[PDB]
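Below: one structure, written as structure tokens.
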Amino acid sequence: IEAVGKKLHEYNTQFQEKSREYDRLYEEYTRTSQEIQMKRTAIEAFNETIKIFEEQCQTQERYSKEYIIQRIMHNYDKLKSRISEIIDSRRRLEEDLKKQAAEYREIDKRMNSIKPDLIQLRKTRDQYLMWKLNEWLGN
Amino acid sequence: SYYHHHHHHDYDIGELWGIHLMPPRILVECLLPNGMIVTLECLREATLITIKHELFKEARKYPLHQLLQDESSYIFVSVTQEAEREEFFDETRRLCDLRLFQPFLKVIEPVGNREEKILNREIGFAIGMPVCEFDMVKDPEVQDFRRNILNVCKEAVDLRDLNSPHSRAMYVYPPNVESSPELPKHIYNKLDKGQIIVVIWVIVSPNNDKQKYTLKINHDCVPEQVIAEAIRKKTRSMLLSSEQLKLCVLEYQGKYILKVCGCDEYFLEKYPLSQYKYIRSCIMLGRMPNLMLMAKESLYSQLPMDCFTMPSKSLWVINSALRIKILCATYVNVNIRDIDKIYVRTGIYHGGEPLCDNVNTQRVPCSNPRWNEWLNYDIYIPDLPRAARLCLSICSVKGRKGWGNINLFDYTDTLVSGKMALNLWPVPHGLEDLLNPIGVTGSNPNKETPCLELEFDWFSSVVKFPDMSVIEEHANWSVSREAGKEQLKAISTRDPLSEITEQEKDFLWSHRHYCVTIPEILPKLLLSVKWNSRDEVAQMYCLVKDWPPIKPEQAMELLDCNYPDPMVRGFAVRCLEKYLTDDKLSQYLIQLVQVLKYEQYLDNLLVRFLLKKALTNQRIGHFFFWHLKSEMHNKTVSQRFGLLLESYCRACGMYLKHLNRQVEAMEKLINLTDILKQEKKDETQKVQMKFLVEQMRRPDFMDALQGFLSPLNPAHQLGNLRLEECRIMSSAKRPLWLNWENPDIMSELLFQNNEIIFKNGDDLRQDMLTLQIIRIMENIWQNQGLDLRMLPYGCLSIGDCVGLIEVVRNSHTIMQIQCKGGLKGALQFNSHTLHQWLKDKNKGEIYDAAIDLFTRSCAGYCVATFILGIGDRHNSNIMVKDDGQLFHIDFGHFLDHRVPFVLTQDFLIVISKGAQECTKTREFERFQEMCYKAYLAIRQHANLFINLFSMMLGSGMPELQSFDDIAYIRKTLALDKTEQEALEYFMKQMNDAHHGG
């Protein structure tokens, strides 16, 4: 070794400290995407469900009103009280979602920032290749 | 598969959103038409007919009940977690089985009064997507496809009814046959009485009794001849004159047909007996075939169905150089450091690159990105080939120093013009190196992420042009401006990724007309065209029109990403229609499915080919369904495949019902294995198995997992679960070892108790491909007469990283063999009892045959494994059967990143015990010969494997992106070298790894 010595080897194990951090940052990235789409189809599920519970308390309108013992009662009191728990369930889902988006965009950011750096340290190894034969690779 | 590749030596001649598993008791909110919500406490395994009867028992408590109708006048409906509303007609259905989201049911009367029309939209279930998410796509291509495809469906259904009973029987139960009638001469000699002994059975129940009748008959003796000779035997009597006999073995010859005992095969087609795969396997394996006489009545009785319904200006004559307006992407992700930027790189593409493509002015490296540019690409408009594509991406590197694609033409032939919004795909995984045309990305709005807005040139109503105008490019070749050995059909014999010189492209194009004589050069010729000249291309279209046909092996190359042209592909498809047989079709069915990804438009020639066979040959239908369903989670292909699946399901017939059993069954498995893998069920084997068995005992499981067919081979019925024999193979992601009684009339009787691993974890796809390639090699070998014996066990991917693997009985890893027997501190490799292990099992003249098997198989793998550069083999990759045979499992990691199977001393000893080394024994000499013949044989058929791999580029598989990955296999098989040249190379690699040539 003459000019820049075996200093190009400490550059290689360090190279993996990000080459693998890519892989690990990527699966986190890939995972989180489905995670989101799960949440997103969940909300439509919520929607049509919410949508259904109105169609019910509005059935016992002109159908229950056609009399007004009288205590055909506590049913309606709670049919509202459940709707509350659903709208707030969906509400909770919603905020969990855009956080995961803000997360998704973050995971995207740091990946579209390593990539070029990871690639700029790729060929510095490959160019200076000529600098038993083969021994430097192992460790 | 039939036996367990076991030779007989010297025989001679329940859910809810968020929750995995609903409590054994939940409260379900029932909702009635009177407005009153009741809350019923249901057992999770209860039928809807039981919950309904309850609801209407509880109704008389709840006022306004005077408004409630007859029980048998209503239907339950709810929101499923696929976010849909579903009328629950099949009230047999268990609570836990109706995918459910929130624990509620809502009563209503059967609206849509076509009960039977909505039933059938089951299908979404088999598809894994509601058949109504289609009933809503704007894209007319889609709506057209669904409509225009049913021709094939109508065609197929006809081609089955035409011939009334037999035809169906033959649709279902296709004959399972090798595609050569000629029988290898190393098989013929295991025969060498010239012929074979079979045992044909007759059941005479309710006397239960089964009677054998052993015949020693011709190997090529068709099944009708076998039924005859069998009825001769049974009926021969001291009371029948031979004349009287002959008119009986007649007046009931053909009331019967043949059936493999124990599974569901049926020889129903005039073929040499030995051309059926069952018989040929019985030979190789040293087994006496057992077949059954089945009354046609009792076959033809089994088969119902026959049900099918279906409830639904100018030209290239333009004088301007193509421009495309790039507006604005609305989203990105990063915020500046130094030499970082953003710009929309654009290209015009036909497979790979016409025209010097264009990166548009780099402006604002972050803040809301406008470009408002026009992009002049340096080709004419009339020069654009049908299927030319806009390729774009955004990514940047280091400007100073240190993604989406679009069909330029509609499926309509119309040139694309005006406003377009293009949601972009997240960049792949081993990609920024490019701009990415390979991308399925062809025709591709996504969902809500980065979105480019576009503007295409506009000049009054534009389309492509009937082959009328096209053919009329005779004009060009009648241009003779004569002011200016042929030994080059060597380069037909040249692997597809050989990469050819511009100098050669010119040459081939020059002598283009002198290839309609050497037709197999077509691929190379097609590569030679400058595709950005409407002139060369239109001439091409015309050669192609009446080009001579080509072998499906070669004719497949024209279906990969490199040949994206309706005219090229049509010929290709017409080669496959011409002579690619149901046998070899299901060998290459994976690739043929994958290729569909680069097919530009939904409606097209290849799909219609495939769909039709799949609808004709139920054995193909099965894997066609499964290979497509497997990838429905992948949104780049979902819509295409979903749509393909719907047509298929709507026409396959009774089979649909079978497939759902299959699908319900796999749903249960995927949910169970999940619990164990996740839901903090990282407790202990003992606890887990507790759970495993409690769960499979519940009647929902019992029902789902018992009367179905093996997705690995539907001939194999799967009856009742052995249960005692079921275990979490734990020792991984938690794979399940499952055990089913084989409900066959001659079940244990005559051949098996059925076994299979379900694994929820690994991506099975690569394994799947490599097992496929092993089979293919094994086929090259057997035909060429050069007998080596691989064991490509079953392996089916059924969804995202989920699948079934075939169990092979009486087989062990070398490690197992090593632990079974021995004390000491050293290993000894049980070099003894891995040979002594083989001396036992195989005592006697059996031994020689077992050493042979080992030797064969060992050599087989040794090559296959080097060629494909797989895993890297140790003692828990390598498996031996009592039988003698060696075989590799868990290949895993594909095409390398050299010499994965290093022959340890253990294996050398097995090639009969030699003292100080066994590097030079005549047993080992014999062996080396085989390898050199094996490698040299696969060498001879290299282009095939290049293709197979190449056709397989459209698939996630991190192991296969680029053609340069297939390069490895190009190296390993010898790059430029001669046969006798490369033979040397292989040896150099044998010696380098072994330390002893």
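Identifiers in this document derive from the order of the structure tokens: chains are assigned A, B, ..., residues are numbered from 1 separately in each chain, and ligands are numbered from 1 in order of occurrence.
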Could you write out as a PyMOL selection string the residues of chain A within 9 Å of chain B, counting only C-alpha atoms?
chain A and resi 23+26+41-49+52-53+55-61+63-64+72+75-76+79+105-106+108-110+112-113+115-117+120
Identify all residues of stretch 528-702 of chain B in alpha helix (DSSP H) (DSSP on the backbone) and supply them as a PyMOL selection string.
chain B and resi 528+534-545+566-579+582-587+589-595+605-614+618-629+638-651+655-677+685-695+699-702
Which residues come within 12 Å of residue A:124, counting only C-alpha atoms, excluding same-chain residues fewer than 2 positions away, as a count of residues only?
20
Excluding stretch 88-93 of chain A and its own-chain neighbours fewer than 3 positions away, which residues fall within 8 Å of it when counting only C-alpha atoms? Please give them as JSON, numbers by chain.
{"A": [39, 43, 46, 84, 85, 96, 97]}
Test item: residues at most 6 Å from stretch 309-326 of chain B, only C-alpha atoms, excluding those fewer than 2 positions along its chain, as a list in words
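Answer for this query is residues 372, 373, 374, 375, 376, 377, 379, 380, 381, 382, 454, 455, 456, 461, 462, 463 and 464 of chain B.
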Pairwise distance for atom CA of residue B:145 and atom CA of residue B:579, rounded to one decimal in Å
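Going from atom CA of residue B:145 over to atom CA of residue B:579 covers 27.1 Å.
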Expected answer as a list in words: strand (DSSP E or B) residues in stretch 791-952 of chain B:
residues 795, 796, 797, 798, 799, 802, 803, 804, 805, 806, 811, 812, 813, 878, 879, 880, 881, 886, 887 and 888 of chain B
Could you take the residues named above and write them with C-alpha atoms, as a compact mmCIF listing (two decimals), in the first residue's frame?
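The resulting file, selection.txt, is shown below:
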```txt
# COMPACT_ATOMS: atom_id res chain seq x y z
CA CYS B 795 -44.35 -25.88 -2.78
CA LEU B 796 -47.19 -23.41 -3.22
CA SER B 797 -47.23 -19.69 -2.40
CA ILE B 798 -50.86 -18.82 -1.52
CA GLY B 799 -50.54 -15.18 -0.55
CA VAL B 802 -47.58 -17.82 3.15
CA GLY B 803 -47.69 -21.33 1.68
CA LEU B 804 -47.83 -25.09 1.69
CA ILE B 805 -44.81 -27.41 1.45
CA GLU B 806 -45.07 -31.11 0.58
CA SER B 811 -36.34 -38.58 5.07
CA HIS B 812 -33.82 -36.99 7.35
CA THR B 813 -31.22 -34.25 7.39
CA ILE B 878 -29.14 -31.96 2.84
CA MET B 879 -31.51 -34.85 3.13
CA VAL B 880 -31.44 -38.58 2.59
CA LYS B 881 -34.23 -41.14 2.53
CA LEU B 886 -30.36 -37.57 -1.50
CA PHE B 887 -32.25 -34.26 -1.92
CA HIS B 888 -31.93 -30.57 -1.02
```
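With only C-alpha atoms as the atoms that count, the minimum distance from residue A:104 to the choices A:70, A:16, A:34, A:134 is reached by A:34.
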Within 9 Å of residue B:585 using only C-alpha atoms, minus same-chain residues under 6 positions, as a ChimeraX atom specification:
/B:576,592,620
Dump as an mmCIF file, in the first residue's frame, selection limited to N, CA, C and O atoms:
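Final output, result02.cif:
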```
data_model
loop_
_atom_site.group_PDB
_atom_site.id
_atom_site.type_symbol
_atom_site.label_atom_id
_atom_site.label_comp_id
_atom_site.auth_asym_id
_atom_site.auth_seq_id
_atom_site.Cartn_x
_atom_site.Cartn_y
_atom_site.Cartn_z
ATOM 1 N N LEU B 576 -47.864 -20.649 -29.106
ATOM 2 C CA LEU B 576 -48.271 -21.389 -27.935
ATOM 3 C C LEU B 576 -49.579 -22.119 -28.198
ATOM 4 O O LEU B 576 -49.801 -23.234 -27.710
ATOM 5 N N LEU B 592 -45.707 -17.783 -17.422
ATOM 6 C CA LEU B 592 -46.762 -17.298 -18.290
ATOM 7 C C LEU B 592 -47.690 -16.359 -17.548
ATOM 8 O O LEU B 592 -48.117 -15.352 -18.106
ATOM 9 N N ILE B 620 -55.189 -27.085 -14.770
ATOM 10 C CA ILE B 620 -54.599 -25.760 -15.003
ATOM 11 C C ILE B 620 -55.389 -24.687 -14.275
ATOM 12 O O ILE B 620 -54.821 -23.824 -13.632
#
```
Distance in Å - atom CA of residue B:41 versus atom CA of residue A:71
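Value for the atom CA of residue B:41-atom CA of residue A:71 distance: 23.4 Å.
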Exercise: stretch 528-541 of chain B partners within 10 Å, only C-alpha atoms, chain neighbours under 3 positions left out, as a PyMOL selection string
chain B and resi 316+348-355+379-386+388+467+469-477+500-510+512-513+522-525+544-547+565-568
Give me a file of those residues, with N, CA and C atoms, as a short mmCIF file (atom, residue, chain, number, x, y, z; two decimals), in the first residue's frame.
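New file part.cif:
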```
data_model
loop_
_atom_site.label_atom_id
_atom_site.label_comp_id
_atom_site.auth_asym_id
_atom_site.auth_seq_id
_atom_site.Cartn_x
_atom_site.Cartn_y
_atom_site.Cartn_z
N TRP B 316 -51.46 8.68 -37.84
CA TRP B 316 -50.08 9.08 -37.50
C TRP B 316 -49.58 10.21 -38.39
N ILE B 348 -38.79 8.47 -23.55
CA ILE B 348 -39.73 7.75 -24.41
C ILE B 348 -39.13 6.37 -24.62
N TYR B 349 -39.89 5.33 -24.25
CA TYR B 349 -39.37 3.96 -24.20
C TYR B 349 -40.18 2.94 -24.99
N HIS B 350 -39.47 2.01 -25.62
CA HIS B 350 -40.05 0.79 -26.17
C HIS B 350 -39.18 -0.33 -25.64
N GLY B 351 -39.60 -0.97 -24.55
CA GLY B 351 -38.74 -1.92 -23.84
C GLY B 351 -37.51 -1.22 -23.29
N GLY B 352 -36.52 -0.99 -24.15
CA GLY B 352 -35.38 -0.13 -23.86
C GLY B 352 -35.06 0.93 -24.91
N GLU B 353 -35.33 2.19 -24.55
CA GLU B 353 -34.76 3.45 -25.13
C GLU B 353 -34.71 3.67 -26.66
N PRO B 354 -35.77 4.27 -27.25
CA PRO B 354 -35.52 5.06 -28.46
C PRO B 354 -35.26 6.50 -28.03
N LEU B 355 -34.58 7.28 -28.87
CA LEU B 355 -34.43 8.73 -28.64
C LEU B 355 -33.54 9.12 -27.44
N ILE B 379 -37.74 12.70 -31.59
CA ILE B 379 -38.29 11.88 -32.67
C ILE B 379 -39.58 12.49 -33.22
N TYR B 380 -39.84 12.21 -34.49
CA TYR B 380 -41.12 12.49 -35.13
C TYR B 380 -42.27 11.90 -34.33
N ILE B 381 -43.50 12.25 -34.71
CA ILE B 381 -44.68 11.56 -34.22
C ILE B 381 -45.03 10.28 -35.01
N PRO B 382 -45.07 10.34 -36.36
CA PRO B 382 -45.40 9.13 -37.11
C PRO B 382 -44.42 7.98 -36.87
N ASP B 383 -43.23 8.30 -36.36
CA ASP B 383 -42.22 7.29 -36.02
C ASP B 383 -42.48 6.49 -34.73
N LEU B 384 -43.47 6.90 -33.93
CA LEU B 384 -43.73 6.24 -32.65
C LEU B 384 -44.31 4.83 -32.79
N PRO B 385 -43.60 3.83 -32.23
CA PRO B 385 -44.10 2.46 -32.33
C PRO B 385 -45.30 2.28 -31.42
N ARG B 386 -46.26 1.46 -31.84
CA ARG B 386 -47.36 1.15 -30.95
C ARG B 386 -46.75 0.57 -29.67
N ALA B 388 -45.02 2.51 -27.44
CA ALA B 388 -44.01 3.43 -26.93
C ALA B 388 -44.53 4.02 -25.62
N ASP B 467 -53.89 -2.58 -40.27
CA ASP B 467 -52.77 -3.16 -41.00
C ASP B 467 -52.89 -2.93 -42.51
N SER B 469 -53.06 0.32 -44.15
CA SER B 469 -51.98 1.31 -44.27
C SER B 469 -50.60 0.72 -43.92
N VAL B 470 -50.53 -0.05 -42.84
CA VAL B 470 -49.26 -0.63 -42.39
C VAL B 470 -48.64 -1.55 -43.45
N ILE B 471 -49.39 -2.57 -43.89
CA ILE B 471 -48.89 -3.53 -44.88
C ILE B 471 -48.32 -2.77 -46.09
N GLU B 472 -49.02 -1.71 -46.50
CA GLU B 472 -48.63 -0.89 -47.64
C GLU B 472 -47.26 -0.20 -47.51
N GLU B 473 -46.40 -0.74 -46.65
CA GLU B 473 -45.00 -0.35 -46.63
C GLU B 473 -44.13 -1.29 -47.48
N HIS B 474 -44.73 -1.76 -48.58
CA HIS B 474 -44.01 -2.36 -49.68
C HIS B 474 -43.20 -1.26 -50.35
N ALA B 475 -43.80 -0.08 -50.43
CA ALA B 475 -43.15 1.11 -50.97
C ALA B 475 -41.66 1.18 -50.66
N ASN B 476 -41.30 0.84 -49.43
CA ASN B 476 -39.93 0.99 -48.94
C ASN B 476 -38.98 -0.04 -49.49
N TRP B 477 -39.38 -1.31 -49.46
CA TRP B 477 -38.49 -2.37 -49.95
C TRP B 477 -38.40 -2.40 -51.47
N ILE B 500 -25.62 -8.01 -28.33
CA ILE B 500 -25.05 -7.97 -29.68
C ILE B 500 -24.61 -6.57 -30.12
N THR B 501 -23.61 -6.52 -30.99
CA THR B 501 -22.99 -5.27 -31.42
C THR B 501 -23.82 -4.57 -32.49
N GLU B 502 -23.88 -3.24 -32.42
CA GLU B 502 -24.61 -2.43 -33.41
C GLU B 502 -24.27 -2.86 -34.83
N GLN B 503 -23.01 -3.23 -35.01
CA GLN B 503 -22.47 -3.78 -36.25
C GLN B 503 -23.27 -5.02 -36.69
N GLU B 504 -23.62 -5.87 -35.74
CA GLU B 504 -24.38 -7.09 -36.02
C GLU B 504 -25.86 -6.80 -36.23
N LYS B 505 -26.39 -5.81 -35.51
CA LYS B 505 -27.79 -5.44 -35.67
C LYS B 505 -28.04 -5.06 -37.11
N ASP B 506 -27.22 -4.13 -37.63
CA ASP B 506 -27.21 -3.72 -39.04
C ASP B 506 -27.18 -4.89 -40.01
N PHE B 507 -26.33 -5.87 -39.71
CA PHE B 507 -26.17 -7.04 -40.56
C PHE B 507 -27.44 -7.88 -40.64
N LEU B 508 -28.01 -8.21 -39.48
CA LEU B 508 -29.20 -9.05 -39.42
C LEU B 508 -30.36 -8.35 -40.11
N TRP B 509 -30.55 -7.08 -39.78
CA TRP B 509 -31.54 -6.27 -40.45
C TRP B 509 -31.35 -6.27 -41.97
N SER B 510 -30.09 -6.31 -42.41
CA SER B 510 -29.75 -6.32 -43.83
C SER B 510 -30.25 -7.58 -44.53
N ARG B 512 -32.42 -9.58 -43.49
CA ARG B 512 -33.68 -9.86 -42.81
C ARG B 512 -34.57 -10.87 -43.54
N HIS B 513 -34.62 -10.78 -44.87
CA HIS B 513 -35.50 -11.65 -45.64
C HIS B 513 -35.01 -13.09 -45.70
N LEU B 522 -35.53 -14.94 -35.20
CA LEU B 522 -36.49 -13.84 -35.06
C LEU B 522 -36.24 -12.90 -33.87
N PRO B 523 -36.09 -13.46 -32.64
CA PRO B 523 -35.78 -12.66 -31.46
C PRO B 523 -34.63 -11.69 -31.71
N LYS B 524 -33.51 -12.22 -32.21
CA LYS B 524 -32.31 -11.42 -32.49
C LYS B 524 -32.65 -10.36 -33.51
N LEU B 525 -33.37 -10.76 -34.56
CA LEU B 525 -33.80 -9.83 -35.61
C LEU B 525 -34.65 -8.70 -35.04
N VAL B 544 -43.37 -10.77 -39.73
CA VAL B 544 -44.06 -11.38 -38.60
C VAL B 544 -45.41 -11.98 -38.97
N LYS B 545 -46.12 -11.34 -39.89
CA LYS B 545 -47.47 -11.76 -40.26
C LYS B 545 -47.48 -13.22 -40.72
N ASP B 546 -46.61 -13.53 -41.69
CA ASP B 546 -46.38 -14.92 -42.09
C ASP B 546 -44.92 -15.27 -41.90
N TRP B 547 -44.54 -15.33 -40.63
CA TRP B 547 -43.28 -15.89 -40.20
C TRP B 547 -43.59 -17.35 -39.95
N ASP B 565 -44.78 -5.51 -27.99
CA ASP B 565 -45.41 -5.06 -29.23
C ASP B 565 -46.50 -6.03 -29.65
N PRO B 566 -47.72 -5.52 -29.84
CA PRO B 566 -48.88 -6.38 -30.04
C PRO B 566 -48.69 -7.37 -31.16
N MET B 567 -47.80 -7.03 -32.09
CA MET B 567 -47.64 -7.82 -33.28
C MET B 567 -46.68 -8.97 -33.00
N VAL B 568 -45.53 -8.65 -32.39
CA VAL B 568 -44.59 -9.66 -31.93
C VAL B 568 -45.28 -10.71 -31.04
#
```
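The gap separating atom CA of residue B:884 from atom CA of residue B:10 is 12.9 Å, in Å to one decimal.
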